[PDB]
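Working notes, beginning with the structure itself.
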Amino acid sequence: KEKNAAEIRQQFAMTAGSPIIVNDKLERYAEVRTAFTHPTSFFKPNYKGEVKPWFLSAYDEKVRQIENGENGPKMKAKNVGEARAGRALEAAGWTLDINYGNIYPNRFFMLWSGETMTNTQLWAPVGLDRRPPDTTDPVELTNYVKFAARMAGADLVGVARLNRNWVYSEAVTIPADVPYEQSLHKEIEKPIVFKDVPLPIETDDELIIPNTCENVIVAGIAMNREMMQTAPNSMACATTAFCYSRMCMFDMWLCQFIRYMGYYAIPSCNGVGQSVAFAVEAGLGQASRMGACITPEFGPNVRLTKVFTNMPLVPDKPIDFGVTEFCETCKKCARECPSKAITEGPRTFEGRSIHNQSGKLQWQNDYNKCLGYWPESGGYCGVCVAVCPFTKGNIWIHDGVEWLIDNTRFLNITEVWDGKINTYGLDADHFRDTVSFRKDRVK
Amino acid sequence: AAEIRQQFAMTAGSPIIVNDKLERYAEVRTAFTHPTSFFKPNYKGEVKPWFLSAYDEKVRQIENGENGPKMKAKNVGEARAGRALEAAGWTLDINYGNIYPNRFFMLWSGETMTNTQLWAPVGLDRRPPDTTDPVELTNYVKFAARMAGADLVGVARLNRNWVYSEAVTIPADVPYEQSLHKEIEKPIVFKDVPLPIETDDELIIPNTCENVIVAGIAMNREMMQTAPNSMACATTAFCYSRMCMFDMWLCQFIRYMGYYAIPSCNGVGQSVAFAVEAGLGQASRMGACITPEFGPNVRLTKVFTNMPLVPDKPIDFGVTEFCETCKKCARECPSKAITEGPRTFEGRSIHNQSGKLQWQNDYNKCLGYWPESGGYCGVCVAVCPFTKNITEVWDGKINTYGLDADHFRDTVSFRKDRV
Ligand SMILES: Oc1cccc(Cl)c1
Ligand SMILES: Oc1cccc(Cl)c1
Ligand code: SF4
Ligand code: SF4
Ligand code: SF4
Ligand code: SF4
């Protein structure tokens with residue numbers, strides 16, 4: 003029986019309700035607490051023992067590997083030119099991303115209003131962003147916005163009501179008068195608040211999201227399997243990087259579509275809130291031991307971005323295809339993790355360190371240990387994603403009655436450069452899995 | 007598809023036939039820019055820049071619940087959604103085509119880009135190349151081109167006949183808000199200099215700029231078949247933003263490999279000629295490059311570089327002989343812009359470059375239909391055999443970037459077909 007991704011999603015659909023289990027110690031999480039930004043984790047030694055911002059120490063390791071003809075830690079390249087080429091591809095992939103994630107809200111690409119954008123100015127005579135909505139029916143709007151999402155580069159798209167528990171209490175950002183070249187030295191915190199205002203607006207003191215901001219649209223941006231399977235080496239860094247620029251394009255495209263439909267839209271990429279939780283509530287997939295959203299189509303080998311809006315929409319149903327029970331017995335990511343960051347224990351409500359948000363039931367991982375491996379390896383690792391059985395393209399089988407996971411699944432870089440590739444790194448052997456008709460956009 | 011393209015490869019040599027009269031063509035002569043064609047009436051009889059008159063028709067259509075000229079939408083909501091999708095598609099494109107060289111997204115150096123600055127401590131853009139072998143470089147850069155969103159990619163030596171003699175641009179310190187009102191003409195010249203450079207007087211391409219890399223960016227078939235209505239405008243628009251990201255991504259890769267790279271999108275030179283010389287397809291009666299995978303339903307962009315590369319062979323799969331007897335685009339064109347006659351070396355008007363054997367079309371007649379219809383037409387692309431209602435499009439099949447899984451296998455690539 004030929005694989006039917008739509009059938010699979012329908013088979014495992016849940017009844018409505020946020021799947022994330024929480025208790026009374028839950029409070030919104032200040033973004034500065036992530037390992038990338040917090041002072042306790044931001045600094046890492048380089049290979050000479052010099053203590054630096056982690057990404058500068060990682061740069062030192064990239065340079066060292068190129069000079070030594072390596073594609074990764076102790077991984078010899080074919081020659082220096084191949085080592086150089088992998089890092090050139092990685093660096094280029096980030097072209098449309100600011101400071102590794104686009105996290106500053108309402109700066110650079112992540113503007114909360116389209117008014118100053120060159121595209122908005124060019125189109126101003128038509129008045130699409132000033133004319134009241136011609137469609138308020140959530141059913142039709144869901145079909146329109148999901149169609150637009152696929153045009154804008156999403157491989158998966160889902161809708162959820164906005165759960166404010168996953169919106170950061172304070173964002174990391176920069177003052178509005180700070181030019182890019184000083185941005186990394188002038189980062190500040192700024193509260194994200196919800197108020198009775200008509201439009202998203204930023205004051206000197208606050209980023210203000212309107213109380214009318216009902217919905218979040220979550221996109222999955224598929225990474226390339228062959229390149230991620232080289233983790234922790236450079237080609238895994240390149241598929242990561244290119245997908246961050248795809249995320250940025252998605253956010254801007256979709257926000258402009260929503261604005262030109264007469265609503266407002268807030269982009270975010272890696273900023274504003276916790277993408278994994280939104281993705282789980284929007285039904286893209288389930289949380290996992292490693293901490294990523296695992297999808298039926300791509301496993302965890304998929305990036306996430308999201309857009310917040312007042313556009314009326316129909317929320318999607320969460321999905322339960324057994325990930326929690328497989329993660330309970332699998333632990334491959336924990337065993338293979340080069341830094342032992344991933345727990346082999348049970349889920350708890352108690353954060354392992356400052357980097358975890360306490361009060362939600364999850365596997366609690368040590369993300370300072372994870373980040374510490376990045377300067378050592380000169381990359382963004384990804385070994386957990388690479389070894390997860392759900393990342394394999396071969397997991398789904400049909401037994402004549404229904405779909406199921408094949409339990410047998412759970413028991431070099433020159434060839435990548437010389438091997439299979441297609442547009443955006445997508446794989447035509449599986450691309451049919453993300454075909455979409457109206458019936459699977461809105462019910 | 008790899009079998010087909012090898013089967014139809016020609017021996018080396020530009021297939022475009024030229025004569026002694028050929029001269030490089032000033033970009034201002036295109037119908038989009040030239041003063042004789044730029045102003046068009048709207049439906050009220052008011053003469054405006056053609057795209058503003060076209061805007062007025064889009065507004066009139068939304069108000070009247072239409073997706074195109076005399077084409078009722080399901081309701082006003084559907085009409086609005088089609089124009090919202092079209093407008094959004096252009097997000098990463100400046101003034102319909104990114105033609106101003108070394109402005110906005112089309113910078114000729116990576117030095118000021120936020121990504122280059124972030125990566126500066128690694129020194130990839132200042133380190134000499136570690137690879138000079140054109141075979142390996144061709145494989146690397148084509149792999150990168152596919153990562154960067156090209157559905158097709160080819161390489162040719164740069165033929166300066168197709169580089170505009172003078173570009174349309176704006177002064178470097180003019181802000182976006184005044185760009186449309188302060189467009190100027192600036193020569194593109196070739197000189198013995200190390201790097202692409204712009205002076206007050208000239209855009210200077212180095213004599214070492216040996217090669218052009220041409221990308222095909224596939225449009226969506228269902229949407230283009232709604233031409234001249236709004237969903238054909240939307241697939242057009244989204245692919246212009248795909249073009250811009252391709253140029254920037256690939257230029258950065260080439261720079262981080264130790265070479266220089268000039269992006270262009272619709273600027274700098276004539277994409278159809280470059281695409282034919284790079285083997286993506288053949289010229290056609292309508293004037294487009296027709297590819298085996300997509301026919302003419304594919305957009306083009308290109309990047310110029312001194313990176314050593316292996317030129318691809320031109321391809322001949324019989325387009326010329328088919329266009330000789332077909333004439334379907336010419337009979338369906340709503341403005342009679344496309345000739346039914348034979349190819350000549352003599353342009354029909356200022357908008358054509360004389361001195362090259364081609365079907366000569368009247369591109370002022372084409373542009374005149376755009377304000378009338380409120381869109382970018384595309385009927386010629388839609389009806390062409392090589393290419394093979432709006433509610434059904436919105437309710438129907440779609441996939442990532444509008445690509446089609448029924449055909450996506452045709453653009454799979456291994457090293458054997460890259461070099
Ligand atoms: O969020 C990410 C992911 C990978 C690399 C970096 Cl630097 C940031
Ligand atoms: O080059 C193009 C193509 C379509 C529309 C416009 Cl305005 C320009
Ligand atoms: S490797 Fe195993 S335990 Fe880890 S996330 Fe994947 S399925 Fe779960
Ligand atoms: S990215 Fe690497 S170091 Fe981090 S959790 Fe995954 S396997 Fe461990
Ligand atoms: S775009 Fe339309 S008007 Fe222009 S040549 Fe093609 S069919 Fe004719
Ligand atoms: S419609 Fe016919 S004559 Fe026109 S470009 Fe296509 S094949 Fe050629």
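Those protein sequences? They're chains A and B, same order as listed. Numbering (the authors' numbering) for the first sequence: 3 to 413, 431 to 462. Numbering (the authors' numbering) for the second sequence: 7 to 394, 431 to 461. A virtual CB, placed ideally from N, CA and C, is assigned to each residue, including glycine.
Inset, instruction - For B/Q123, decide whether its Cβ has a neighbour in chain A, counting only Cβ atoms nearer than 9 Å. - result: yes
Inset, instruction - Alpha carbon to alpha carbon, how far is A/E204 from A/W436? Give it in angstroms, no decimals. - result: 45 Å
Inset, instruction - Please list the residues of the region 53–78 of chain A that have a C-beta atom closer than 7 Å to any C-beta atom in chain B, keeping them in chain order. - result: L58, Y61, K64 and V65
Legend entry - For A/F244, the nearest candidate out of A/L445, A/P320 and A/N25 (CA to CA): A/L445
Legend entry - For A/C295, three-class secondary structure by DSSP: strand
Legend entry - For A/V147, the nearest candidate out of A/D401, A/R30 and A/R261 (CA to CA): A/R261
Inset, instruction - For the region 226–241 of chain A and the region 165–174 of chain A, state whether three or more C-beta atom pairs, one from each stretch, are separated by less than 8 Å. - result: no
Inset, instruction - With DSSP as the reference, please indicate the residues paired to B/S455 in a beta bridge. - result: A/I440
Legend entry - Buried or exposed (CB count within 10 angstroms, at least 16 for buried), B/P55: exposed
Inset, instruction - Give the straight-line distance between the Cα atoms of A/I344 and A/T350, rounded to the nearest whole angstrom. - result: 13 Å
Legend entry - Residues of its chain near A/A156, where Cβ-Cβ distance is below 7 Å and the 5 sequence neighbours each way are ignored: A221, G222, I223 and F252
Inset, instruction - Pick out whichever of B/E9, B/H40 and B/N145 has its Cα sitting closest to the Cα of B/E189. - result: B/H40
Legend entry - Contacting positions in the region 436–450 of chain B - beta carbon closer than 7 Å to chain A: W436, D437, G438, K439, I440, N441, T442, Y443, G444, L445, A447 and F450
Inset, instruction - List the endpoints of the continuous alpha helix (DSSP H) containing B/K334. - result: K334 to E338
Legend entry - Nearest-angstrom Cα separation, counted from B/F300 out to B/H357: 26 Å
Legend entry - Short Cβ contact (9 Å threshold) for A/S171 with A/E33: yes
Inset, instruction - Would you list, in chain order, the members of the region 250–268 of chain A that have their beta-carbon closer than 7 Å to a beta-carbon of chain B? - result: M251, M254, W255, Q258, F259, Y262 and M263
Legend entry - Candidates B/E352, B/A126 and B/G347, of which the one nearest B/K362 by Cα: B/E352
Legend entry - Whole-number beta carbon distance between A/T120 and B/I100, since they are thought to touch under 8 Å: 6 Å
Inset, instruction - Could you tell me whether the Cβ atoms of A/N217 and A/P314 are closer together than 9 Å? - result: yes
Inset, instruction - Determine the closest residue to B/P302 out of B/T311, B/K308 and B/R291, with distance taken between C-alpha atoms. - result: B/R291
Inset, instruction - Assuming B/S455 contacts B/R152 (C-beta within less than 8 Å), just tell me the rounded distance between them. - result: 6 Å
Inset, instruction - Flag A/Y106 as yes when its Cβ comes closer than 8 Å to any non-hydrogen atom of ligand 1, and as no otherwise. - result: no
Legend entry - ligand 5 heavy atom lying under 8 Å from the CB of B/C332: no
Legend entry - Straight-line gap, B/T36 to B/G287 (C-alpha atoms, nearest Å): 23 Å
Inset, instruction - With hydrogens ignored, establish whether the beta-carbon of B/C239 is closer than 8 Å to any heavy atom of ligand 5. - result: no
Inset, instruction - May I ask whether a heavy atom of ligand 1 can be found less than 8 Å away from the beta carbon of A/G103? - result: yes
Legend entry - C-alpha distance - B/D198 paired with B/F110, whole-angstrom precision: 26 Å
Inset, instruction - Could you work out which residue in A/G395, A/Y266, A/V309 and A/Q258 is closest to A/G275 when comparing CA atoms only? - result: A/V309
Legend entry - A/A343 Cβ short of 8 Å to ligand 4 heavy atom set: yes
Legend entry - Any C-beta of chain B under 9 Å from that of A/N235: no
Inset, instruction - Report whether the distance from the Cβ of A/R227 to the nearest heavy atom of ligand 3 is below 8 Å. - result: no
Legend entry - Near ligand 3: A/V435 beta-carbon under 8 Å from a heavy atom: no
Inset, instruction - Evaluate residue 420 of chain B with the Cβ neighbour count: other Cβ atoms within 10 Å of its Cβ, from every protein chain shown; 16 or more gives buried, anything less gives exposed. - result: This structure gives no coordinates for residue 420 of chain B. The numbering of chain B moves from 394 immediately to 431.
Legend entry - Closer than 9 Å to chain A by CB, B/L315: no
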